[PDB]
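Number of protein chains: 2
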Amino acid sequence: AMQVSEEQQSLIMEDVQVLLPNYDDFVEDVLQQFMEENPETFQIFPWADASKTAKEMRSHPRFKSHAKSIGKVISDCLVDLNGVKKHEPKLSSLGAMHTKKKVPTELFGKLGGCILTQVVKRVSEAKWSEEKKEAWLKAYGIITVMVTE
Amino acid sequence: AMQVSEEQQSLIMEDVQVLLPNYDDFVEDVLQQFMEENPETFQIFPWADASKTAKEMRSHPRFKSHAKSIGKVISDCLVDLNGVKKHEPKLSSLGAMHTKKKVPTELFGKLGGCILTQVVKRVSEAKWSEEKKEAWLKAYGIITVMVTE
Ligand code: HEM
Ligand code: HEM
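Protein sequence lines correspond, in order, to chains A and B.
Each residue of the first sequence is one higher than the one before, starting from 49 at the first, in this note's numbering.
Each residue of the second sequence is one higher than the one before, starting from 49 at the first, in this note's numbering.
Structure representation (structure tokens):
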């Protein structure tokens, strides 16, 4: 039941289109808010420079490049949620970076709150809905499993 | 006095030539021994997979790629120790990865012991000497400062 309905896939694709024209900005907004709200990430991300604010980090090539990388895994999963197992072997080595010992498990929940917040910011008020909220949350759950397992 | 004598530069260049034909193997030998002797590096290197031995990690593309990266910084410094400040801005972002909080400071000493051990393994017994030992140790000290400061 790690499967989304066809209607959930479709609601997601409809927000992916809204996000596509500014997709890189969207993903950097997410990582910047995540780092603002969870300051311990400046010790977990090796490239993060603890003498700078998240917003100062946003200019750094290593912030941009980490956002582009997670941005790609998320994009590839969102666009075909049920067929996500095709990405299995290219993913593969993510598991070892995301163990409980390296990444405190409650940070996954936090990062999903940040994705949902930036999604709400880019989607129109008229289009956002409870059903979309549940489709994105379920989607985030599947992406989570791919990156940890 | 972060400066090596011309004679120390020259003793180093003479070992760099011995290492060049197998340089990548040499640097992977170093990282593999470092990870065998200091098991906590499997929590510090994010890509390291704690369910595997260092030697099993050696096959992984992320082990090979991390060894190639440190291998390049070391090579570039060794070949012109006194003029190392030319590399300053390409280095730059290494500092934030190597703070005391992210990397326990006594591990620098450990990693330098591993470089010296693999250097002794590749250099002939007839050529290795006390003066070379001191030239490499001093060289390692300068490379250390470049990567932390
Ligand atoms: C399901 C959500 C997540 C996705 C899709 C994701 C994606 C990725 C990807 C693709 C990489 C490898 C990037 C590269 O090769 O440079 C990565 C690395 C990493 N991630 Fe995640 N990640 C997620 C959750 C988290 C969380 C919550 C944290 C907490 C800080 C986190 C921390 C890390 C760390 C420490 C690494 C090695 C990171 C790095 O090397 O900068 N990840 N992630
Ligand atoms: C003077 C000796 C050292 C040199 C020349 C060196 C070199 C480098 C380089 C060039 C990088 C960036 C590679 C990249 O962009 O992917 C790096 C990252 C890193 N280094 Fe070092 N390093 C040294 C000492 C250490 C020590 C003793 C440790 C202890 C574990 C260490 C742990 C790390 C960590 C956690 C990172 C981020 C590493 C990674 O992202 O895998 N380094 N180092």
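Cβ atoms here follow ideal geometry from the backbone N, Cα and C, with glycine treated the same way.
Measuring CA to CA, which of the options is closest to residue i?
{"i": "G143/A", "options": "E197/A, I60/A, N70/A", "result": "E197/A"}
{"i": "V171/B", "options": "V193/B, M50/B, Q51/B, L67/B", "result": "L67/B"}
{"i": "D73/B", "options": "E136/B, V121/B, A115/B, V195/B", "result": "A115/B"}
{"i": "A187/B", "options": "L129/B, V78/B, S107/B", "result": "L129/B"}
{"i": "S107/A", "options": "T89/A, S123/A, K175/A, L79/A", "result": "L79/A"}
Below 8 angstroms on the Cβ atoms is my contact criterion, and I expect residue i with residue j to pass it. Report the Cβ-Cβ distance as a whole number of Å.
{"i": "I191/A", "j": "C125/A", "result": "5 angstroms"}
{"i": "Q81/A", "j": "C162/A", "result": "5 angstroms"}
{"i": "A98/A", "j": "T147/B", "result": "7 angstroms"}
{"i": "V127/B", "j": "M194/B", "result": "Going by Cβ atoms, the distance from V127/B to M194/B rounds to 13 angstroms, so no, they are not a contact pair."}
{"i": "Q91/A", "j": "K134/B", "result": "Not quite, the Cβ-Cβ distance comes to about 31 angstroms (not below 8 angstroms), so this is no contact."}
{"i": "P94/A", "j": "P94/B", "result": "6 angstroms"}
Looking at the unbroken alpha helix (DSSP H) that takes in residue i, where does it start and where does it end?
{"i": "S58/A", "result": "54–67"}
{"i": "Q91/B", "result": "89–92"}
{"i": "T196/A", "result": "178–196"}
{"i": "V168/A", "result": "154–170"}
{"i": "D77/A", "result": "71–85"}
{"i": "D124/A", "result": "109–126"}
{"i": "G131/B", "result": "Taken as a continuous stretch (DSSP letters only), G131/B belongs to no alpha helix (DSSP H), as it is neither H nor E."}
{"i": "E104/B", "result": "102–105"}
{"i": "residue 252/A", "result": "No answer is possible for residue 252/A: the residues shown for chain A start at 49 and end at 197."}
{"i": "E136/A", "result": "136–139"}
Determine the direct distance from the alpha carbon of residue j to that of residue i, and round the result to whole angstroms.
{"i": "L139/B", "j": "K169/B", "result": "29 angstroms"}
{"i": "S117/A", "j": "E104/A", "result": "19 angstroms"}
{"i": "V151/A", "j": "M145/A", "result": "8 angstroms"}
{"i": "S58/A", "j": "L159/A", "result": "23 angstroms"}
{"i": "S177/A", "j": "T153/A", "result": "28 angstroms"}
{"i": "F156/A", "j": "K112/B", "result": "29 angstroms"}
{"i": "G189/B", "j": "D77/A", "result": "40 angstroms"}
{"i": "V121/B", "j": "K100/A", "result": "25 angstroms"}
{"i": "residue 203/B", "j": "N86/A", "result": "Missing from the structure shown is residue 203/B; chain B here goes from 49 to 197 and no further."}
{"i": "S53/A", "j": "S141/B", "result": "45 angstroms"}
{"i": "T89/B", "j": "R110/B", "result": "14 angstroms"}
{"i": "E136/A", "j": "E173/A", "result": "35 angstroms"}
{"i": "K175/A", "j": "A49/A", "result": "26 angstroms"}
Considering only residues of the same chain and omitting the five flanking positions on each side of residue i, which have a CB-CB separation below 8 angstroms?
{"i": "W184/B", "result": "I60, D63, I163, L164, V167"}
{"i": "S123/A", "result": "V64, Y71"}
Ignore the nearest five residues each way along the sequence and tell me which others in residue i's own chain have a CB closer than 7 angstroms to its CB.
{"i": "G119/B", "result": "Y71, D72, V75"}
{"i": "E179/B", "result": "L59"}
{"i": "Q56/B", "result": "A183, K186"}
{"i": "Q51/B", "result": "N130"}
Who are the Cβ neighbours of residue i in its own chain at under 6 angstroms, not counting the five residues just before and after it?
{"i": "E84/A", "result": "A102"}
Can you find a C-beta in chain C that's less than 8 angstroms from the C-beta of residue i?
{"i": "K149/A", "result": "Considering every chain present, this structure includes no chain C. Its protein chains are A and B."}
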